[PDB]
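In the form solved without the ligand, a lone chain appears below as structure tokens.
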């Protein structure tokens, strides 16, 4: 793809190829915690990941995705602001060149070191490619990472990064349990938004958890060793693969808690 995160092809250029970049329900956004409305009608999230089947990890030239088998209801998200059952298809992260930036959402303008996105699609639409064309097609769970103590459940991911260093590399990646990436509390903010990379489609109910998880400096350092480029091309380190906050426009952020 021509788009990327550099000076000449980065997010401030994306609108020329993807005019929806300047749409009414783009993501990410800044979550202003004092303007977010507590909504007592929001249910707890229901995360059922006990039967998750991970398959593969892949460097796609803009992040790395861990991909899951989504041919049956094995790892699903329900409840919260959702109607219906959303199946987990992949997760990936966005991170920075330094620990003070890297997240896409911000909370009262505070940036975190990285942000994990667990991407799920509405099973009523039959496949992911049909789901992205619907306003309620995707639900993405967003979790912030701060740098502090190591997260043991992330280490299996960081160990394999060496084997997918360049764009197009993939590796078998089975028996990874994504329950090891969740914080203790499932309290959340939610708003209607978009994919944060091209094609930027406005098909996402965002569910952003309040509680960050901690990872160690050494764990995030290993993300920063990946490359945007393919093998045998000039080295460009995969860092700062985040899109800046977009205008909220005519949207309300709701909170599941006070």
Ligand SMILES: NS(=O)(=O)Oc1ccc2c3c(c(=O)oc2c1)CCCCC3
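Numbering follows the first chain given and starts at 1.
If you average the C-alpha B-factors over 157-165 and over 113-121, the higher value belongs to 157-165. Stretches 98-106 and 80-88 differ in mean C-alpha B factor, with the higher average recorded for 80-88. Of the residues listed, 62, 210, 56, 37, the entry assigns the biggest Cα temperature factor to 37. Residues shown: 230, 192, 28, 198. Highest C-alpha temperature factor in the entry: 230. Ranked by Cα temperature factor within the chain, residue 137 sits in the lowest third according to the deposited record. Per-chain ranking of the deposited C-alpha B factor places residue 214 in the middle third. When all modelled residues of the chain are sorted by CA temperature factor, residue 202 is found within the lowest third. In the deposited entry, the Cα temperature factor of residue 15 sits in the middle third of values across the chain's modelled residues.
When the modelled residues of the chain are ordered by C-alpha B-factor, residue 226 sits in the middle third.
Omitted from view is the form solved in complex with the ligand, to which the following refers.
In the bound PDB entry, residue 150 stays away from the ligand, with no heavy atom inside 4.5 Å. Among residues of the shown chain, residue 190 is not one whose heavy atoms approach the ligand to within 4.5 Å in the bound PDB entry. Using a 4.5 angstroms limit between non-hydrogen atoms, residue 85 is distant from the ligand in the bound PDB entry. Contact annotation: residue 197 falls within 4.5 Å of the ligand in the bound PDB entry, judged by heavy atom distances. Of the residues 140, 77, 164, 186, just one reaches the ligand in the bound PDB entry with a heavy atom at 4.5 Å or closer; this is 140. Residues 104, 117, 119, 128, 132 are the members of 101-132 with a non-hydrogen atom no more than 4.5 angstroms from the ligand in the bound PDB entry.
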